[PDB]
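To keep things clear, I will list the structure first and then write my remarks on it.
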Protein chains: 2
Amino acid sequence: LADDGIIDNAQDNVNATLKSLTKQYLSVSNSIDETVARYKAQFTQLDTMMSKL
Amino acid sequence: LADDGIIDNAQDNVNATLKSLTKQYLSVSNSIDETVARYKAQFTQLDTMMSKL
């Protein structure tokens with residue numbers, strides 16, 4: 001139950017995994033933002049072409 | 001009936017005018033072909049975009 005026990009190693013490994021997860025999530029999030037923005041733009045141009053009925 | 005004749009000169013002028021108009025028709029035809037080529041490129045692009053979705 002000490003601050004430097006086996007629990008401490010387990011929990012700081014958990015925290016490091018959490019921070020790596022957050023970093024990877026942010027990177028993939030900006031990538032997804034760019035991709036989805038391009039897809040929504042594509043939807044806009046196809047709607048504009050469909051407007052020419 | 002001869003070349004100096006007014007009717008012969010009139011029909012010569014008529015054929016010259018219609019040949020100039022045929023040149024104009026060729027110009028309009030190639031412009032139409034270019035515009036149709038662009039339109040078909042856009043149609044194929046639209047087909048590709050709809051296939052992606």
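Here's how to read the names in the structure tokens: chain A, B, ... by the order shown, residue numbers from 1 in each chain, ligand numbers from 1 in the order shown.
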Please produce, as JSON lines, a per-residue contact table for chain B versus chain A (criterion: any atom at most 10 Å away, only C-alpha atoms considered), showing the nearest atom pair and its distance in Å to one decimal, sorted by chain then residue number.
```
{"residue": "B:42", "atom": "CA", "partner": "A:49", "partner_atom": "CA", "distance": 9.5}
{"residue": "B:43", "atom": "CA", "partner": "A:49", "partner_atom": "CA", "distance": 9.6}
{"residue": "B:45", "atom": "CA", "partner": "A:46", "partner_atom": "CA", "distance": 9.9}
{"residue": "B:46", "atom": "CA", "partner": "A:46", "partner_atom": "CA", "distance": 7.1}
{"residue": "B:47", "atom": "CA", "partner": "A:46", "partner_atom": "CA", "distance": 9.9}
{"residue": "B:49", "atom": "CA", "partner": "A:46", "partner_atom": "CA", "distance": 7.5}
{"residue": "B:50", "atom": "CA", "partner": "A:46", "partner_atom": "CA", "distance": 8.0}
{"residue": "B:53", "atom": "CA", "partner": "A:43", "partner_atom": "CA", "distance": 9.1}
```
Would you write out chain B as a compact mmCIF listing (two decimals) with N, CA, C and O atoms, in the first residue's frame, after superposing it on chain A by least squares over all in-order Cα pairs?
```txt
# COMPACT_ATOMS: atom_id res chain seq x y z
N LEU B 1 2.01 0.68 -1.15
CA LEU B 1 1.19 1.89 -1.22
C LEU B 1 2.04 3.11 -1.59
O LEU B 1 1.53 4.07 -2.18
N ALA B 2 3.33 3.08 -1.26
CA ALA B 2 4.20 4.20 -1.58
C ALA B 2 4.48 4.25 -3.08
O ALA B 2 4.06 3.39 -3.86
N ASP B 3 5.21 5.29 -3.49
CA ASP B 3 5.55 5.46 -4.90
C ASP B 3 6.40 4.31 -5.41
O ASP B 3 6.18 3.81 -6.52
N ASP B 4 7.36 3.85 -4.60
CA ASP B 4 8.22 2.74 -5.01
C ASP B 4 7.46 1.42 -5.11
O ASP B 4 8.00 0.44 -5.62
N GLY B 5 6.22 1.37 -4.62
CA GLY B 5 5.45 0.15 -4.65
C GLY B 5 5.14 -0.31 -6.06
O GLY B 5 4.96 0.47 -7.00
N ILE B 6 5.07 -1.63 -6.21
CA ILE B 6 4.90 -2.23 -7.52
C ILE B 6 3.51 -1.94 -8.07
O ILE B 6 3.34 -1.71 -9.28
N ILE B 7 2.49 -1.94 -7.21
CA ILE B 7 1.14 -1.61 -7.67
C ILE B 7 1.05 -0.13 -8.06
O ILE B 7 0.43 0.22 -9.08
N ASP B 8 1.66 0.75 -7.27
CA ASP B 8 1.67 2.17 -7.60
C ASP B 8 2.43 2.42 -8.90
O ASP B 8 1.97 3.20 -9.74
N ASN B 9 3.58 1.77 -9.07
CA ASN B 9 4.31 1.90 -10.33
C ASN B 9 3.51 1.37 -11.50
O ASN B 9 3.53 1.95 -12.59
N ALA B 10 2.80 0.25 -11.30
CA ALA B 10 1.98 -0.31 -12.37
C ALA B 10 0.88 0.65 -12.78
O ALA B 10 0.64 0.86 -13.98
N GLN B 11 0.20 1.27 -11.81
CA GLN B 11 -0.87 2.19 -12.17
C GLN B 11 -0.32 3.49 -12.75
O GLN B 11 -0.97 4.10 -13.61
N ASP B 12 0.87 3.92 -12.32
CA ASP B 12 1.52 5.06 -12.96
C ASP B 12 1.83 4.76 -14.43
O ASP B 12 1.58 5.59 -15.31
N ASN B 13 2.36 3.57 -14.69
CA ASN B 13 2.62 3.18 -16.07
C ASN B 13 1.33 3.09 -16.86
O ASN B 13 1.29 3.44 -18.05
N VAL B 14 0.25 2.62 -16.22
CA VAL B 14 -1.04 2.53 -16.89
C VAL B 14 -1.53 3.92 -17.29
O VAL B 14 -2.01 4.12 -18.42
N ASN B 15 -1.44 4.90 -16.39
CA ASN B 15 -1.93 6.23 -16.73
C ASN B 15 -1.04 6.89 -17.78
O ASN B 15 -1.54 7.60 -18.66
N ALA B 16 0.27 6.64 -17.74
CA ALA B 16 1.15 7.15 -18.79
C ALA B 16 0.79 6.55 -20.14
O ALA B 16 0.72 7.26 -21.16
N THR B 17 0.54 5.24 -20.17
CA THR B 17 0.16 4.58 -21.41
C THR B 17 -1.16 5.12 -21.94
O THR B 17 -1.30 5.35 -23.15
N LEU B 18 -2.14 5.33 -21.06
CA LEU B 18 -3.43 5.82 -21.54
C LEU B 18 -3.35 7.28 -21.96
O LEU B 18 -4.11 7.70 -22.83
N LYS B 19 -2.44 8.07 -21.37
CA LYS B 19 -2.25 9.43 -21.87
C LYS B 19 -1.59 9.44 -23.24
O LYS B 19 -1.96 10.25 -24.10
N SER B 20 -0.62 8.56 -23.47
CA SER B 20 -0.06 8.42 -24.81
C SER B 20 -1.13 7.98 -25.80
O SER B 20 -1.20 8.48 -26.94
N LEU B 21 -2.00 7.06 -25.38
CA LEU B 21 -3.10 6.63 -26.23
C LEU B 21 -4.10 7.76 -26.46
O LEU B 21 -4.73 7.82 -27.52
N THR B 22 -4.27 8.65 -25.49
CA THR B 22 -5.13 9.82 -25.69
C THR B 22 -4.52 10.77 -26.71
O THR B 22 -5.24 11.38 -27.51
N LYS B 23 -3.19 10.93 -26.68
CA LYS B 23 -2.53 11.71 -27.73
C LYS B 23 -2.75 11.08 -29.10
O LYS B 23 -3.02 11.78 -30.08
N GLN B 24 -2.64 9.75 -29.17
CA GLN B 24 -2.94 9.05 -30.42
C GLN B 24 -4.39 9.27 -30.85
O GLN B 24 -4.68 9.43 -32.04
N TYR B 25 -5.31 9.26 -29.89
CA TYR B 25 -6.71 9.52 -30.18
C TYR B 25 -6.91 10.92 -30.73
O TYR B 25 -7.70 11.13 -31.65
N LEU B 26 -6.19 11.90 -30.18
CA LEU B 26 -6.26 13.26 -30.70
C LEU B 26 -5.75 13.32 -32.14
O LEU B 26 -6.34 14.00 -32.99
N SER B 27 -4.64 12.62 -32.42
CA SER B 27 -4.11 12.59 -33.78
C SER B 27 -5.12 11.99 -34.75
O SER B 27 -5.39 12.54 -35.82
N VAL B 28 -5.71 10.85 -34.37
CA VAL B 28 -6.69 10.19 -35.22
C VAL B 28 -7.93 11.06 -35.38
O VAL B 28 -8.54 11.10 -36.45
N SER B 29 -8.31 11.79 -34.33
CA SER B 29 -9.48 12.66 -34.40
C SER B 29 -9.26 13.81 -35.37
O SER B 29 -10.16 14.14 -36.15
N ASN B 30 -8.08 14.44 -35.33
CA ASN B 30 -7.84 15.53 -36.28
C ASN B 30 -7.72 15.01 -37.71
O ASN B 30 -8.17 15.68 -38.65
N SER B 31 -7.12 13.83 -37.90
CA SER B 31 -7.12 13.24 -39.23
C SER B 31 -8.53 12.94 -39.72
O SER B 31 -8.85 13.19 -40.89
N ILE B 32 -9.39 12.42 -38.84
CA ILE B 32 -10.78 12.16 -39.19
C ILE B 32 -11.48 13.46 -39.55
O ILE B 32 -12.26 13.52 -40.51
N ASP B 33 -11.23 14.52 -38.79
CA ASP B 33 -11.85 15.81 -39.07
C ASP B 33 -11.43 16.34 -40.44
O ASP B 33 -12.26 16.84 -41.20
N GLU B 34 -10.14 16.23 -40.77
CA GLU B 34 -9.67 16.68 -42.07
C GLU B 34 -10.31 15.88 -43.20
O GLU B 34 -10.77 16.44 -44.21
N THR B 35 -10.36 14.55 -43.05
CA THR B 35 -10.95 13.71 -44.08
C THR B 35 -12.44 14.01 -44.24
O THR B 35 -12.96 14.04 -45.37
N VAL B 36 -13.14 14.22 -43.13
CA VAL B 36 -14.56 14.56 -43.19
C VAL B 36 -14.76 15.92 -43.84
O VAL B 36 -15.74 16.13 -44.57
N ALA B 37 -13.84 16.86 -43.60
CA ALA B 37 -13.92 18.16 -44.26
C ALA B 37 -13.80 18.01 -45.77
O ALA B 37 -14.56 18.62 -46.53
N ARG B 38 -12.85 17.19 -46.21
CA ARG B 38 -12.72 16.94 -47.65
C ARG B 38 -13.97 16.27 -48.20
O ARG B 38 -14.45 16.62 -49.29
N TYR B 39 -14.52 15.30 -47.46
CA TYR B 39 -15.72 14.60 -47.92
C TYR B 39 -16.90 15.56 -48.04
O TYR B 39 -17.69 15.47 -48.99
N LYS B 40 -17.05 16.47 -47.08
CA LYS B 40 -18.14 17.44 -47.14
C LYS B 40 -17.93 18.44 -48.27
O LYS B 40 -18.90 18.88 -48.90
N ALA B 41 -16.67 18.81 -48.55
CA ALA B 41 -16.40 19.64 -49.72
C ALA B 41 -16.83 18.93 -51.00
O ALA B 41 -17.45 19.54 -51.88
N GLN B 42 -16.51 17.64 -51.11
CA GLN B 42 -16.95 16.86 -52.27
C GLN B 42 -18.47 16.76 -52.34
O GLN B 42 -19.04 16.81 -53.43
N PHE B 43 -19.14 16.61 -51.19
CA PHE B 43 -20.60 16.52 -51.19
C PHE B 43 -21.23 17.83 -51.65
O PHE B 43 -22.19 17.83 -52.43
N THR B 44 -20.70 18.96 -51.17
CA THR B 44 -21.19 20.25 -51.63
C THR B 44 -20.91 20.45 -53.11
O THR B 44 -21.74 21.02 -53.83
N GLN B 45 -19.75 20.00 -53.59
CA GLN B 45 -19.45 20.07 -55.02
C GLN B 45 -20.46 19.26 -55.83
O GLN B 45 -20.95 19.71 -56.86
N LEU B 46 -20.78 18.05 -55.36
CA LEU B 46 -21.76 17.21 -56.04
C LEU B 46 -23.13 17.88 -56.05
O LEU B 46 -23.85 17.83 -57.05
N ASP B 47 -23.50 18.50 -54.93
CA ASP B 47 -24.78 19.21 -54.87
C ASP B 47 -24.81 20.36 -55.87
O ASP B 47 -25.82 20.58 -56.54
N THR B 48 -23.70 21.10 -55.98
CA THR B 48 -23.64 22.19 -56.95
C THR B 48 -23.75 21.67 -58.38
O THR B 48 -24.47 22.25 -59.20
N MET B 49 -23.05 20.59 -58.70
CA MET B 49 -23.15 19.99 -60.03
C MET B 49 -24.56 19.51 -60.34
O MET B 49 -25.03 19.70 -61.47
N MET B 50 -25.24 18.88 -59.38
CA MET B 50 -26.62 18.46 -59.61
C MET B 50 -27.56 19.65 -59.74
O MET B 50 -28.55 19.57 -60.47
N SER B 51 -27.28 20.75 -59.03
CA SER B 51 -28.09 21.95 -59.19
C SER B 51 -27.90 22.58 -60.56
O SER B 51 -28.86 23.11 -61.13
N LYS B 52 -26.68 22.54 -61.10
CA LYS B 52 -26.44 23.10 -62.43
C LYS B 52 -27.24 22.36 -63.49
O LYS B 52 -27.77 22.98 -64.42
N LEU B 53 -27.33 21.04 -63.38
CA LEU B 53 -28.11 20.24 -64.32
C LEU B 53 -29.61 20.44 -64.09
O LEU B 53 -30.19 21.43 -64.52
```
